[PDB]
Structures are given as C-alpha cells and as structure tokens.
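Visitor: Below: one structure in structure tokens.
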Amino acid sequence: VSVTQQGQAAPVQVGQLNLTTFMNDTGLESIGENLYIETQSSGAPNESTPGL
Amino acid sequence: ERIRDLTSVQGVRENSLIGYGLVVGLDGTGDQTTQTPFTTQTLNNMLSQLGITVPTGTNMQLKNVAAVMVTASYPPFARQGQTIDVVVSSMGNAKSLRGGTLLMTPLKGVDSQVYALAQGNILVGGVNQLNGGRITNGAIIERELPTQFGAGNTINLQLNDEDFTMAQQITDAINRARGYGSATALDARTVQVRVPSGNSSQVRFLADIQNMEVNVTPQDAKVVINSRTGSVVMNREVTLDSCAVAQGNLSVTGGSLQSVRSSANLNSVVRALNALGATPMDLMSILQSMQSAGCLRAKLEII
Amino acid sequence: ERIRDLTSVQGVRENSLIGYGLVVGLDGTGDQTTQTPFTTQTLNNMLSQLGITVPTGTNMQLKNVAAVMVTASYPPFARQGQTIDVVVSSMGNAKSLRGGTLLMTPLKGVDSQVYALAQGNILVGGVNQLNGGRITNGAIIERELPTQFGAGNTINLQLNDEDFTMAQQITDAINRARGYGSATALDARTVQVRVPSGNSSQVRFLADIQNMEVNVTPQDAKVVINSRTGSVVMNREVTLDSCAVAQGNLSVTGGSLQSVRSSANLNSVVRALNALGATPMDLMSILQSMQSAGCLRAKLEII
Amino acid sequence: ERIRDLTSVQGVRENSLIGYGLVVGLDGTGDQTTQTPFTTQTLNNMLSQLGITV
Amino acid sequence: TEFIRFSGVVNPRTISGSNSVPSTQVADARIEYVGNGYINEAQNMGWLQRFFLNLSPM
C-alpha cells in the first residue's frame, strides 16, 4: 500500500495486505455477515503476502 | 499542630517550573507529526545533538513519539541532587501516553533558567485521562535559590485566611507560650514574630511555634454554591430568618407558598430547607432569592 | 459574631485578577485551532520562548490544547508566596477541559501589572459544565499592595445594607462595650470608630469589635420575584390588605373573585395567598397587581 | 416600623450602572461571532491589552 | 556607501506578533535615505547652476 503526497516525488509505503490461505476452503463456517471462520476441517490459517 | 495548618512562614514558598520534552515508547498512540511540525523538528534537533543529521528534505511520519509539556514545583530550600515529581501533558493530537518515557527535559523558571532536569517513566491510570501523567521523583534539582532565612530577628507568619480575631489569637498564643513580646500583629493576615539571630535558633523557634495548638474562633457565615458541579455547602455559622418561599413545582406537603422558620444553628437551617423538598439546583435559586430578600444571614459566594 | 457578618472594614477589600493561558493534556477535546488562531499563535510564542522556532508557514492542527482565560481574587493583605484559587474558562470552540493542566499564567490587575502566577491541574465535575474548572491554590501571589491600615486613629465600618437604625444600633453597641466616644455614625451605611495609633492595637480593637453581637432591628418589607428562575421570596415584614383578586382559571374552592383578608404577620399572608390556589407564575402576576392596587404593603423587587 | 415602609429619605437614593463584558466557559452555547462582529472585536481588544496581537 | 536612517515613536499595541510594525503607525517618523561617493556627487547641482536657479530673473 503506497501513498503519494504533495512535495514528495517518492511514494511512501504504508503497509502489506496479507492474505490467509487454508488447506480446505470448503470447510470454513459462514458466520453470516460476509465472514468465514476456521473450523476443525480447515484449521491452521496460513498468513502470506500475496503472490507467494 | 494547628499553627502549621493555619499559617505559612515568610520566605518558605514554592515556585513553578515548566519545560518541553518528548515522550517515546508509545504503542502507536503518539503524535501524527503531520499536524504537529514541532515534534519532528525537536526530534531532529535531538538526533543532531546526538550526532545524527537527517537531511532537511525528508518525510518523517512517526507514531511512538509525542511532544509534551512538563510542569513541576520547586520546593522551599531545594538542594541540587534532590528529586521532585513532575506532570507530563500532551500538546497536540496525541491519543495516549500510557507506557511512554520522558526524555531529558530542562525545567525552566519564570526567569527562563534551568532549575531541574526531568527524565523518567510516566504512570497513567488507564473514564481515565490518557493524555496526562505523573512521574514521581521524575526531576532532579540542578539550581538553588538564595534566601534571607536566618538573617534578622523578625519572621512573618502569613494566615491562609484573613481574620483579625485569628491573628490576635495566634499572637496571644505565641505570647502565652514563649514570652511577653514574642509575637505582634501587623494586619488581619500577618503576625510578626521575634526570633534570635542565627540559623539553628530560628529553626528551633519555628519548630516550637509550628506544632502549637490554637482554638479557631468562629468565621463569617458563608454559603458556597457551585453551579458547574451542582453543589451547595453551608458552614456552621449560617442562620435563617422567617419568610415565605415559592418556586415552580414545589408546594406544601398544598399551597405553593411555604413558610421557612427563623433558624439559629445549622441543624435548624438544614431542617427548614429540607422541609421545602427542593432539589439542589432548585435550592441554588431559592438561596439566591432569599439572599436578595434578606432571610439568608450569610455571604453567598458562587464558585 | 454578628458585626463581622453585618459590616466590612475600610481598606480590607478584595481585588480581581485576570490572565490568559493554555491548558494541555486534553483527550482530543481541545481547540480546533483552525477557528482560533490565537491558540496556535500563543503556543508558538511559548515554544519560541523555550527555544523552539517553528517556521511561520506551517499548518498546526492540535487537539490537546485549549486557550483559556483565568480569573482570580486578590485577597486583603496578600503577601508574596501565598496561594489562591483560580477559575479557568475556555474561550473558543473547545469541547472539554476534564483532565487538563494550566501552564504558567500571569494574572494581571486592572493596572495591567502581574500580581500572581497561575499553574496547576484543573478539577472539572463531569449536566455538569465541561468548559469551566477550578484550581485550588492554583496561583502564587507575586506582588503586594500598600495600605494605610495602622495609620491614623479612625477606621470605618461599612454596612452591607444601608440602614439608619442598624447604623445607630452598631454605634450604640460599640459605645456600650468600649467607652463613650468609641464609635460615631456618619450616614446610613458608615460607622466611624476611634482606635489607638499603631498596628497591633488596631488589630486588637478590630478583633474585639468583629465578634460583638448586635440584635438586628426589623428591615423594610420586601417581596423578591425572580421570573427567570420562577421564585418568590417574602420576608417577615410583609403584610396584606383586604381586597378581591381574580385571575384566569382560578376560582373560589365557585366565583372567579376571591377575597383576601387583612393580614398582619407572615403566617397570615402565606395562609391568605395559599387560599387562592395560585401557581407561583400566577402568584407573580397576582402580587404585581396587588402592589399596583395597594393591598401589598411591601416593596416588590424583580431580580 | 411603618414610616420606613411609607416614605424615603431625601438624598438616600439608588443609581443605575451599565457596562459591557464577555462571558466565557460556555459549553458551545455562546455567540456565533459571524453575526455578532463585536464579540470577536472585543475579544481581540482584550487579547491585545493582555499582550497578544491576532 | 548608502545610509538608511529611521527614528520615531511606536505604540506597543501596534506591533504585530512577528515583532513588526508598519512605518505608517510611527508617530514622529523621520526617514532618511542618502549616499556618498561620486554617484552621489553626480546628483548635486553645480554651484553656478544653483546660484542661477535661485537668483535668475526667470
């Protein structure tokens, strides 16, 4: 996430948006309000920077 | 142990010290540093003093640093090496100072001279104020003030509250305890005491005088009203005169006009005013109206 | 202990001190500083005094700083080193001063001279006022006022309320207690008292005079009406004359015209007015009409 | 105690005093200062007297 | 060499926040801007021309 400002030819970095990868995406429990939670069938949420 | 609670010794006073500093170690709750340029400017100043020169054209967006103002009290007869408590208050758009540390801060006096150096860890309650904290023994005294204590044969006891009767009582007590012409009264607030020449002798004299017991004579009747906090306080000298009171939604427990009896002591006044069934906000208006009419035989002070 | 409650001593008076300051340590409830340029201007002034020069062209958007006005009372016979309470009031678009700290504030007099220095922590009730607070012992006295007390052989007691009878009573009491020509009356408000030359002797004389007991003679009948707060207060001297009263939605408990009997004391007046069954807002109009007609034998004062 | 309630003494009278001031410490219930220029003008006057020139 | 000299009386309340006051707020303002060197002597009339300018019939 880069942000441009005034009087600064170089964009500043603000952070990394990490994606969570599961091993059985079918297995997450749908809470409702566009949210899924890990269950026993899809444990160990693996954080990773996108692309790898 | 009453004279020490009623008066102060001349020359034994406290001063006020102020200074500017930086508080680091915050958990992302510091200055934004985009709306507070002085935070980054003084951080660059500190780094330059320590040997690091950040180029002038560079964007510095910090999150763990807050620019703060430090306030302290210079005690009487302060000596270098002694420690005092300080208060640390944020100055701009900072969110919290919960686990911060105050860096080296020089505490200036009114004459813009350094009298103490402040550095320590802030304690913040954490409904509680987050942008203000206190550091016990956070500042070390660096300068000492000259004083005239021990010179001359006269020292003035200054009463906290002006009263001719209390001044005369203190003078008479000192004369009854330590000789005929030991103390004299100059006005309603100051009592002049004759002491032997020297430092140790005057300390002994003040030690004997300070813990002396003086019976406090009755003060002026006074009703203190705080409308901002919604409180009323009446001292023991308040009396009442008989008169009728009417106010909205208040009636005899009947008619809207309720009689208030003549009251001599405070218990009678409290009983008469509680018979009205008035909320304290209503009691404020009632008391002001009675003071205007003349029933309230007291000085009504709004604070 | 009544003379001290009925009069004041000439030359023993209180003055008013005012000053400007900054309150820091707020939890994002300070000035917006975009609609109050003086807050940022004075913060820059303070920083420049402390050694930090913020460039003139820079946007400063603070949230923990509020520009405030400080008010204090200079007590009689005030001495340097003594502490007084101060009131701190926000000046523009600030939201709260709940946990703020008042920085070094010089308190000026009417002559624009510094008489005290204010610095401390504000106490705010928190229905309660948020933009106003009080600091007990928040200001230290720095200047002293010359006075003529102790010079001459005459001192004037000034009555809180003008009354020839009360002035004569106080004069007679002083003459009965302390010799033939000890006190004389100059007008309805001032009693001149002869005292021995010196400071201690006059303090002794005033101490004996102040706690003297004087029986208060009956004052003028007076009905105080506060329409802004909706209250009526009648003192013990109010009497009534017989006459008929009519007002909207009020009737005999029957006809709209109700008789009001001749009343001599306050209990009779209260009974007669409660027989009308009138709300205090209705009682205000009733009392004004009766004063116009002549039934009300009292001075009707609207406050 | 009736003559004092029926008459007044010549020369013993009350006068009326008037003045202008500023009231501070309000909880956002003060002047708008856009429709009342004198409020800001007199605040600036007070600040200038105290040593601050806006 | 050029000299700019200023003198006057200043009201303290007319001074701005940046320790500045315009010259039109100074009571007895004396302003002088002079110079020396041959540049300044080249802007002086000759003595004969000044004599004529003051004493010529027209």
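Residues are referred to by chain and number: the chain letter is A, B, ... according to the order shown in the structure tokens, the number counts from 1 in that chain, and ligands are numbered separately from 1 in the order shown.
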Please identify all polymer residues within 9 Å of residue 149 in chain C, counting only C-alpha atoms, omitting same-chain residues fewer than 3 positions from it, and present them as a list in words.

Guide: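 Using only C-alpha atoms, the neighbours found are residues 186 and 187 of chain B; 10, 11, 12, 152, 155, 198, 199 and 202 of chain C.
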
Visitor: Print the selection's residues with C-alpha atoms to a file, as a PDB file, in the first residue's frame.

Guide:
ATOM      1  CA  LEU B 186       0.620  43.769  61.764  1.00  0.00           C
ATOM      2  CA  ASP B 187      -2.709  43.292  59.958  1.00  0.00           C
TER       3      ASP B 187
ATOM      4  CA  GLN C  10     -12.427  50.058  55.352  1.00  0.00           C
ATOM      5  CA  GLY C  11      -9.297  49.191  53.393  1.00  0.00           C
ATOM      6  CA  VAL C  12      -9.843  45.447  53.890  1.00  0.00           C
ATOM      7  CA  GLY C 152      -4.443  57.373  61.840  1.00  0.00           C
ATOM      8  CA  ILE C 155     -11.496  53.287  60.861  1.00  0.00           C
ATOM      9  CA  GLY C 198      -0.367  51.687  65.798  1.00  0.00           C
ATOM     10  CA  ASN C 199      -0.800  48.323  64.064  1.00  0.00           C
ATOM     11  CA  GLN C 202      -5.856  48.411  65.906  1.00  0.00           C
TER      12      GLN C 202
END

Visitor: List as an MDAnalysis selection string the protein and nucleic acid residues near residue 40 in chain A, meaning an atom at most 10 Å away when only C-alpha atoms are counted, but skip any in the same chain fewer than 4 places from it.

Guide: chainID A and resid 27:29 44

Visitor: Could you write those residues out with C-alpha atoms, as an mmCIF file, in the first residue's frame?

Guide:
data_model
loop_
_atom_site.group_PDB
_atom_site.id
_atom_site.type_symbol
_atom_site.label_atom_id
_atom_site.label_comp_id
_atom_site.auth_asym_id
_atom_site.auth_seq_id
_atom_site.Cartn_x
_atom_site.Cartn_y
_atom_site.Cartn_z
ATOM 1 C CA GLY A 27 -14.670 -26.196 5.331
ATOM 2 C CA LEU A 28 -14.949 -22.672 6.775
ATOM 3 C CA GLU A 29 -18.007 -21.847 8.861
ATOM 4 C CA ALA A 44 -4.166 -23.660 10.557
#

Visitor: Enumerate, in order of chain and increasing residue number, the residues of chain D with an atom no farther than 12 Å from chain B, each with its shortest atom pair and distance in Å to one decimal, counting only C-alpha atoms, as JSON lines.

Guide:
{"residue": "D:25", "atom": "CA", "partner": "B:228", "partner_atom": "CA", "distance": 10.1}
{"residue": "D:26", "atom": "CA", "partner": "B:228", "partner_atom": "CA", "distance": 10.4}
{"residue": "D:27", "atom": "CA", "partner": "B:228", "partner_atom": "CA", "distance": 10.8}

Visitor: Any idea what's packed within 9 Å of residue 25 in chain E, counting only C-alpha atoms, ignoring anything in its chain fewer than 6 positions away? Could you give it as a ChimeraX atom specification?

Guide: /E:9-11,14

Visitor: Produce a file of the selected residues containing C-alpha atoms, as a PDB file, in the first residue's frame.

Guide:
ATOM      1  CA  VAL E   9       7.796  56.727  18.478  1.00  0.00           C
ATOM      2  CA  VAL E  10       5.987  53.370  18.459  1.00  0.00           C
ATOM      3  CA  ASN E  11       2.858  52.321  20.341  1.00  0.00           C
ATOM      4  CA  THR E  14       0.563  48.338  17.152  1.00  0.00           C
TER       5      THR E  14
END

Visitor: Using only C-alpha atoms, what does the table of chain C residues within 7 Å of chain B look like, with each row giving the shortest atom pair and its distance in Å to one decimal, sorted by chain and ascending number, as a Markdown table?

Guide:
| residue | atom | partner | partner_atom | distance |
| --- | --- | --- | --- | --- |
| C:4 | CA | B:220 | CA | 6.7 |
| C:5 | CA | B:220 | CA | 6.0 |
| C:24 | CA | B:91 | CA | 5.6 |
| C:25 | CA | B:89 | CA | 4.3 |
| C:26 | CA | B:131 | CA | 6.1 |
| C:27 | CA | B:131 | CA | 5.8 |
| C:28 | CA | B:93 | CA | 6.5 |
| C:54 | CA | B:38 | CA | 6.2 |
| C:59 | CA | B:35 | CA | 6.2 |
| C:60 | CA | B:35 | CA | 4.9 |
| C:61 | CA | B:35 | CA | 4.9 |
| C:62 | CA | B:92 | CA | 4.2 |
| C:63 | CA | B:93 | CA | 4.4 |
| C:64 | CA | B:92 | CA | 4.9 |
| C:65 | CA | B:91 | CA | 5.7 |
| C:76 | CA | B:162 | CA | 7.0 |
| C:77 | CA | B:189 | CA | 6.1 |
| C:81 | CA | B:13 | CA | 5.1 |
| C:99 | CA | B:129 | CA | 6.0 |
| C:125 | CA | B:229 | CA | 5.0 |
| C:128 | CA | B:229 | CA | 5.4 |
| C:129 | CA | B:228 | CA | 4.8 |
| C:199 | CA | B:186 | CA | 5.3 |
| C:200 | CA | B:185 | CA | 4.9 |
| C:203 | CA | B:164 | CA | 5.8 |
| C:204 | CA | B:168 | CA | 6.4 |
| C:206 | CA | B:164 | CA | 6.3 |
| C:207 | CA | B:165 | CA | 4.4 |
| C:222 | CA | B:293 | CA | 6.4 |
| C:223 | CA | B:293 | CA | 6.8 |
| C:224 | CA | B:293 | CA | 5.7 |
| C:229 | CA | B:285 | CA | 6.6 |
| C:230 | CA | B:247 | CA | 5.8 |
| C:231 | CA | B:247 | CA | 4.4 |
| C:232 | CA | B:246 | CA | 4.9 |
| C:233 | CA | B:245 | CA | 4.7 |
| C:234 | CA | B:244 | CA | 5.0 |
| C:235 | CA | B:243 | CA | 4.4 |
| C:236 | CA | B:243 | CA | 5.1 |
| C:266 | CA | B:243 | CA | 6.9 |
| C:270 | CA | B:257 | CA | 6.2 |
| C:274 | CA | B:255 | CA | 4.7 |
| C:277 | CA | B:255 | CA | 6.2 |
| C:279 | CA | B:256 | CA | 6.3 |
| C:280 | CA | B:246 | CA | 6.0 |

Visitor: Write out as a list in words all residues of range 159-278 of chain C that DSSP puts in strand (DSSP E or B) for this structure's backbone.

Guide: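 Residues of range 159-278 of chain C classed as strand (DSSP E or B): residues 159, 183, 184, 185, 190, 191, 192, 193, 194, 222, 223, 224, 225, 226, 231, 232, 233, 234, 239, 240, 243, 244, 245, 258, 259, 260 and 263 of chain C.
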
Visitor: The selected residues should be written to file as a CSV table (one decimal), in the first residue's frame (atoms: N, CA, C and O atoms).

Guide:
chain,number,residue,atom,x,y,z
C,159,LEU,N,-21.6,49.2,56.4
C,159,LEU,CA,-22.7,48.2,56.5
C,159,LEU,C,-22.9,47.6,55.1
C,159,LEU,O,-22.9,48.3,54.1
C,183,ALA,N,-17.4,55.0,69.0
C,183,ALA,CA,-17.9,54.9,67.6
C,183,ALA,C,-18.9,56.0,67.4
C,183,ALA,O,-19.7,56.4,68.3
C,184,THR,N,-19.0,56.5,66.2
C,184,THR,CA,-19.9,57.5,65.7
C,184,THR,C,-20.5,57.1,64.4
C,184,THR,O,-19.8,56.4,63.6
C,185,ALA,N,-21.7,57.6,64.1
C,185,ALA,CA,-22.3,57.3,62.8
C,185,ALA,C,-22.2,58.5,61.8
C,185,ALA,O,-22.5,59.6,62.2
C,190,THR,N,-22.2,54.0,57.1
C,190,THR,CA,-20.8,54.0,57.6
C,190,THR,C,-20.8,54.4,59.1
C,190,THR,O,-21.5,55.3,59.5
C,191,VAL,N,-20.0,53.7,59.9
C,191,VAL,CA,-19.8,54.0,61.3
C,191,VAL,C,-18.4,54.2,61.5
C,191,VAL,O,-17.5,53.3,61.2
C,192,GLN,N,-18.0,55.4,62.0
C,192,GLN,CA,-16.6,55.7,62.3
C,192,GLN,C,-16.2,55.3,63.7
C,192,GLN,O,-16.9,55.6,64.6
C,193,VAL,N,-15.1,54.6,63.8
C,193,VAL,CA,-14.6,54.1,65.1
C,193,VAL,C,-13.2,54.6,65.4
C,193,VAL,O,-12.4,54.6,64.5
C,194,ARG,N,-13.0,55.1,66.6
C,194,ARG,CA,-11.8,55.7,67.0
C,194,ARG,C,-10.9,54.5,67.6
C,194,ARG,O,-11.4,53.8,68.5
C,222,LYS,N,-40.3,43.5,51.9
C,222,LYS,CA,-39.8,43.3,50.6
C,222,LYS,C,-40.2,41.9,50.0
C,222,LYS,O,-40.0,40.9,50.7
C,223,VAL,N,-40.7,41.9,48.8
C,223,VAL,CA,-41.1,40.7,48.1
C,223,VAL,C,-40.2,40.6,46.9
C,223,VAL,O,-40.3,41.5,46.0
C,224,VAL,N,-39.3,39.6,46.8
C,224,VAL,CA,-38.4,39.4,45.7
C,224,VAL,C,-39.0,38.4,44.7
C,224,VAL,O,-39.3,37.3,45.1
C,225,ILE,N,-39.1,38.8,43.5
C,225,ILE,CA,-39.6,38.0,42.4
C,225,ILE,C,-38.6,37.7,41.4
C,225,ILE,O,-38.0,38.7,40.8
C,226,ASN,N,-38.3,36.5,41.1
C,226,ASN,CA,-37.3,36.1,40.1
C,226,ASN,C,-38.1,35.4,39.0
C,226,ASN,O,-38.5,34.2,39.1
C,231,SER,N,-39.3,32.1,41.0
C,231,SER,CA,-39.3,32.0,42.5
C,231,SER,C,-39.9,33.3,43.1
C,231,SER,O,-39.7,34.4,42.5
C,232,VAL,N,-40.5,33.2,44.3
C,232,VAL,CA,-40.9,34.3,45.1
C,232,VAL,C,-40.5,34.2,46.5
C,232,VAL,O,-40.6,33.1,47.0
C,233,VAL,N,-39.9,35.2,47.1
C,233,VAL,CA,-39.5,35.2,48.5
C,233,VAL,C,-40.0,36.4,49.2
C,233,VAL,O,-39.8,37.6,48.7
C,234,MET,N,-40.7,36.2,50.3
C,234,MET,CA,-41.3,37.3,51.1
C,234,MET,C,-40.7,37.2,52.5
C,234,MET,O,-40.6,36.2,53.1
C,239,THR,N,-47.0,42.4,55.0
C,239,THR,CA,-48.4,42.4,55.4
C,239,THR,C,-49.3,42.5,54.2
C,239,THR,O,-48.9,42.8,53.1
C,240,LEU,N,-50.6,42.2,54.4
C,240,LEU,CA,-51.6,42.3,53.4
C,240,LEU,C,-52.8,43.1,53.8
C,240,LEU,O,-53.1,43.2,55.0
C,243,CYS,N,-58.7,42.7,50.0
C,243,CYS,CA,-59.1,43.1,48.6
C,243,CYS,C,-59.5,41.8,47.9
C,243,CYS,O,-59.1,40.7,48.2
C,244,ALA,N,-60.1,42.0,46.7
C,244,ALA,CA,-60.6,40.9,45.9
C,244,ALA,C,-59.6,40.7,44.7
C,244,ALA,O,-59.1,41.6,44.2
C,245,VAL,N,-59.4,39.4,44.4
C,245,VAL,CA,-58.4,39.0,43.4
C,245,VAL,C,-59.1,38.1,42.4
C,245,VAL,O,-59.8,37.2,42.8
C,258,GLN,N,-62.0,36.2,44.4
C,258,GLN,CA,-61.8,35.6,45.8
C,258,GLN,C,-61.3,36.7,46.7
C,258,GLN,O,-60.4,37.5,46.3
C,259,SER,N,-61.8,36.7,47.9
C,259,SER,CA,-61.5,37.7,48.9
C,259,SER,C,-60.1,37.3,49.6
C,259,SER,O,-59.9,36.1,49.8
C,260,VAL,N,-59.3,38.3,49.8
C,260,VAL,CA,-58.1,38.2,50.5
C,260,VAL,C,-58.2,39.0,51.8
C,260,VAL,O,-58.4,40.3,51.7
C,263,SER,N,-54.0,40.9,56.6
C,263,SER,CA,-53.0,40.0,57.3
C,263,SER,C,-51.9,40.9,57.9
C,263,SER,O,-51.4,41.8,57.3

Visitor: Give me, please, the distance in Å between CA of residue 178 in chain C and CA of residue 215 in chain C, quoted to one decimal.

Guide: 17.3 Å

Visitor: Just asking: which residues within chain E are helix (DSSP H, G or I) according to DSSP, as a list in words?

Guide: residues 12, 13, 14, 23, 24, 25, 38, 39, 40, 41, 47, 48, 49, 50, 51, 52, 53, 54 and 55 of chain E

Visitor: Please produce a file of those selected residues containing N, CA, C and O atoms, as a PDB file, in the first residue's frame.

Guide:
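Saved the output as again.pdb:
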ATOM      1  N   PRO E  12       3.206  50.279  21.676  1.00  0.00           N
ATOM      2  CA  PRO E  12       3.441  48.832  21.816  1.00  0.00           C
ATOM      3  C   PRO E  12       2.322  47.964  21.262  1.00  0.00           C
ATOM      4  O   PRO E  12       2.596  46.856  20.786  1.00  0.00           O
ATOM      5  N   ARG E  13       1.070  48.425  21.307  1.00  0.00           N
ATOM      6  CA  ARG E  13      -0.038  47.594  20.853  1.00  0.00           C
ATOM      7  C   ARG E  13      -0.178  47.559  19.338  1.00  0.00           C
ATOM      8  O   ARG E  13      -0.973  46.762  18.827  1.00  0.00           O
ATOM      9  N   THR E  14       0.558  48.394  18.608  1.00  0.00           N
ATOM     10  CA  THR E  14       0.563  48.338  17.152  1.00  0.00           C
ATOM     11  C   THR E  14       1.560  47.328  16.599  1.00  0.00           C
ATOM     12  O   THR E  14       1.522  47.040  15.399  1.00  0.00           O
ATOM     13  N   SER E  23       5.592  51.386   8.963  1.00  0.00           N
ATOM     14  CA  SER E  23       6.125  52.722   9.205  1.00  0.00           C
ATOM     15  C   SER E  23       5.044  53.789   9.304  1.00  0.00           C
ATOM     16  O   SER E  23       5.342  54.902   9.754  1.00  0.00           O
ATOM     17  N   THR E  24       3.815  53.489   8.902  1.00  0.00           N
ATOM     18  CA  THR E  24       2.721  54.447   8.965  1.00  0.00           C
ATOM     19  C   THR E  24       2.059  54.498  10.335  1.00  0.00           C
ATOM     20  O   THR E  24       1.146  55.303  10.538  1.00  0.00           O
ATOM     21  N   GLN E  25       2.496  53.660  11.274  1.00  0.00           N
ATOM     22  CA  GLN E  25       1.995  53.667  12.640  1.00  0.00           C
ATOM     23  C   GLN E  25       2.976  54.290  13.622  1.00  0.00           C
ATOM     24  O   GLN E  25       2.788  54.168  14.836  1.00  0.00           O
ATOM     25  N   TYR E  38      31.117  59.246  -5.711  1.00  0.00           N
ATOM     26  CA  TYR E  38      30.919  60.074  -6.899  1.00  0.00           C
ATOM     27  C   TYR E  38      29.529  59.906  -7.496  1.00  0.00           C
ATOM     28  O   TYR E  38      29.065  60.799  -8.216  1.00  0.00           O
ATOM     29  N   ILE E  39      28.847  58.798  -7.199  1.00  0.00           N
ATOM     30  CA  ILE E  39      27.464  58.638  -7.628  1.00  0.00           C
ATOM     31  C   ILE E  39      26.582  59.699  -6.984  1.00  0.00           C
ATOM     32  O   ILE E  39      25.715  60.290  -7.638  1.00  0.00           O
ATOM     33  N   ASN E  40      26.794  59.963  -5.693  1.00  0.00           N
ATOM     34  CA  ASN E  40      26.010  60.985  -5.010  1.00  0.00           C
ATOM     35  C   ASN E  40      26.410  62.390  -5.444  1.00  0.00           C
ATOM     36  O   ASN E  40      25.550  63.270  -5.544  1.00  0.00           O
ATOM     37  N   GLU E  41      27.698  62.624  -5.717  1.00  0.00           N
ATOM     38  CA  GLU E  41      28.117  63.945  -6.181  1.00  0.00           C
ATOM     39  C   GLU E  41      27.635  64.227  -7.597  1.00  0.00           C
ATOM     40  O   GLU E  41      27.477  65.396  -7.973  1.00  0.00           O
ATOM     41  N   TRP E  47      27.499  74.649  -8.488  1.00  0.00           N
ATOM     42  CA  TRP E  47      27.274  75.841  -7.678  1.00  0.00           C
ATOM     43  C   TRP E  47      26.756  76.998  -8.521  1.00  0.00           C
ATOM     44  O   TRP E  47      25.861  77.737  -8.092  1.00  0.00           O
ATOM     45  N   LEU E  48      27.296  77.167  -9.731  1.00  0.00           N
ATOM     46  CA  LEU E  48      26.810  78.223 -10.615  1.00  0.00           C
ATOM     47  C   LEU E  48      25.364  77.978 -11.031  1.00  0.00           C
ATOM     48  O   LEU E  48      24.560  78.918 -11.084  1.00  0.00           O
ATOM     49  N   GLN E  49      25.014  76.725 -11.329  1.00  0.00           N
ATOM     50  CA  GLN E  49      23.643  76.423 -11.727  1.00  0.00           C
ATOM     51  C   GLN E  49      22.672  76.626 -10.570  1.00  0.00           C
ATOM     52  O   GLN E  49      21.548  77.093 -10.777  1.00  0.00           O
ATOM     53  N   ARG E  50      23.079  76.271  -9.349  1.00  0.00           N
ATOM     54  CA  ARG E  50      22.241  76.534  -8.182  1.00  0.00           C
ATOM     55  C   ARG E  50      22.065  78.033  -7.958  1.00  0.00           C
ATOM     56  O   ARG E  50      20.955  78.507  -7.671  1.00  0.00           O
ATOM     57  N   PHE E  51      23.155  78.792  -8.094  1.00  0.00           N
ATOM     58  CA  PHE E  51      23.090  80.244  -7.971  1.00  0.00           C
ATOM     59  C   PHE E  51      22.121  80.838  -8.986  1.00  0.00           C
ATOM     60  O   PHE E  51      21.326  81.724  -8.656  1.00  0.00           O
ATOM     61  N   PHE E  52      22.170  80.354 -10.230  1.00  0.00           N
ATOM     62  CA  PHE E  52      21.239  80.841 -11.241  1.00  0.00           C
ATOM     63  C   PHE E  52      19.807  80.413 -10.945  1.00  0.00           C
ATOM     64  O   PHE E  52      18.885  81.224 -11.066  1.00  0.00           O
ATOM     65  N   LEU E  53      19.598  79.160 -10.538  1.00  0.00           N
ATOM     66  CA  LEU E  53      18.258  78.689 -10.208  1.00  0.00           C
ATOM     67  C   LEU E  53      17.637  79.486  -9.072  1.00  0.00           C
ATOM     68  O   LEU E  53      16.410  79.604  -9.010  1.00  0.00           O
ATOM     69  N   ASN E  54      18.455  80.035  -8.177  1.00  0.00           N
ATOM     70  CA  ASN E  54      17.925  80.816  -7.067  1.00  0.00           C
ATOM     71  C   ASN E  54      17.860  82.313  -7.337  1.00  0.00           C
ATOM     72  O   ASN E  54      17.054  83.001  -6.704  1.00  0.00           O
ATOM     73  N   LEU E  55      18.672  82.847  -8.252  1.00  0.00           N
ATOM     74  CA  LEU E  55      18.758  84.291  -8.432  1.00  0.00           C
ATOM     75  C   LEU E  55      18.479  84.769  -9.854  1.00  0.00           C
ATOM     76  O   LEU E  55      18.515  85.979 -10.095  1.00  0.00           O
TER      77      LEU E  55
END

Visitor: Contacts of range 33-46 of chain D at 9 Å or less, counting only C-alpha atoms, minus same-chain residues fewer than 5 places along, as JSON, numbers by chain?

Guide: {"D": [21, 22, 51, 52, 53, 54]}

Visitor: Go ahead and write the selection's residues with C-alpha atoms as a tab-separated table (two decimals), in the first residue's frame.

Guide:
chain	number	residue	atom	x	y	z
D	21	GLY	CA	-18.45	42.41	29.04
D	22	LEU	CA	-17.61	38.94	27.77
D	51	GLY	CA	-0.16	41.21	25.01
D	52	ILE	CA	-1.42	39.01	22.15
D	53	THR	CA	-1.88	40.59	18.72
D	54	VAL	CA	-4.02	38.42	16.44

Visitor: So which residues touch residue 18 in chain A within 8 Å, counting only C-alpha atoms, skipping near sequence neighbours fewer than 5 positions away, as a PDB file with C-alpha atoms, in the first residue's frame?

Guide:
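Result written to around-v2.pdb:
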ATOM      1  CA  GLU A  47      -0.792 -15.928   6.566  1.00  0.00           C
ATOM      2  CA  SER A  48       1.143 -14.956   3.450  1.00  0.00           C
ATOM      3  CA  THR A  49       1.976 -11.879   1.440  1.00  0.00           C
ATOM      4  CA  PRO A  50       0.073 -12.045  -1.883  1.00  0.00           C
TER       5      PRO A  50
END

Visitor: Chain E near chain D within 8 Å: what's each residue's closest atom pair and its distance in Å to one decimal, counting only C-alpha atoms, ordered by chain then ascending residue number, as JSON lines?

Guide:
{"residue": "E:13", "atom": "CA", "partner": "D:48", "partner_atom": "CA", "distance": 6.5}
{"residue": "E:15", "atom": "CA", "partner": "D:53", "partner_atom": "CA", "distance": 7.7}
{"residue": "E:16", "atom": "CA", "partner": "D:53", "partner_atom": "CA", "distance": 5.8}
{"residue": "E:17", "atom": "CA", "partner": "D:53", "partner_atom": "CA", "distance": 5.6}

Visitor: If we count only C-alpha atoms, what is near residue 29 in chain E at a cut-off of 6 Å, once residues fewer than 3 positions away on the same chain are taken out, given as a list in words?

Guide: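 Residues meeting the cut-off are residues 7, 8 and 26 of chain E.
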